[PDB]
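A single chain, nothing else alongside it, follows as structure tokens in the form deposited in one PDB entry.
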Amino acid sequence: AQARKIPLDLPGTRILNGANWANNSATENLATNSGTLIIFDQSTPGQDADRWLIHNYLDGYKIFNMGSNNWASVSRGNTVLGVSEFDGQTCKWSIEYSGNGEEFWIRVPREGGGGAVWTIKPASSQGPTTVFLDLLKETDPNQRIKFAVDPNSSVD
């Protein structure tokens, strides 16, 4: 294996923060204004709501939930949501290797780098957690993302 490799174009990738994984549900409406929280938890709310697909997008990446058909997006209050409508201005991400183990930061794309990163708090909840953007703290475990690809991740 190679630590630095992102699992691109691998349907059924799971996105983990420690033992919690990212989930996202389909919106009621699918309007330009629609979106649902990305929830880190150890429960999956619906069929393949825990399954993701990462693709190149321009000079970063787009992150797609295969259960909800939503894009991971910044929204109000620096909250990270899934949205049905793709917007290059809100749905593009930098994915940067931490230098440690299998862990990455998912960052706001910024000219000259240093964008805010996915932050999963409350830090010490044993229930569902939401995602917001905060300044990178290099060793903060609440900002460390890993990707899990099972050999049956694409199998349906």
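One rule holds for the numbers: they count along the sequence shown, beginning at 1. So that the term is clear: the rigid core is the largest set of C-alpha atoms that superpose within 1.5 Å between two forms.
- Per-stretch averaging of Cα B factors for 146-154 and 1-9 places 146-154 on top.
- Comparing 88-96 with 32-40, the stretch with the higher mean C-alpha B-factor in the PDB entry is 32-40.
- Within the listed group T27, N65, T130, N56, the record reports its top CA B-factor for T27.
- Ranked against the other modelled residues of its chain, the C-alpha B-factor of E103 as given in the entry falls in the lowest third.
- Remark: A116 belongs to the middle third of its chain, ranked by C-alpha B-factor as recorded.
There is another form of this protein, the form deposited in another entry, and it is not shown here; the text below is about that form.
- The one residue among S98, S94, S34, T44 whose Cα position changes by 2 Å or more between this form and the one not shown, with the core held fixed by superposition, is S34.
- Superposition on the rigid core between this form and the one not shown places the CA atom of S125 2 Å or more away from its counterpart.
- Relative to this conformation, a decrease of 3 Å or more in the Cα-Cα distance between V83 and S124 is found in that other deposited form.
- Panel note: the distance between the CA atoms of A123 and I38 is smaller in that other deposited form than in this form, the difference being 3 Å or more.
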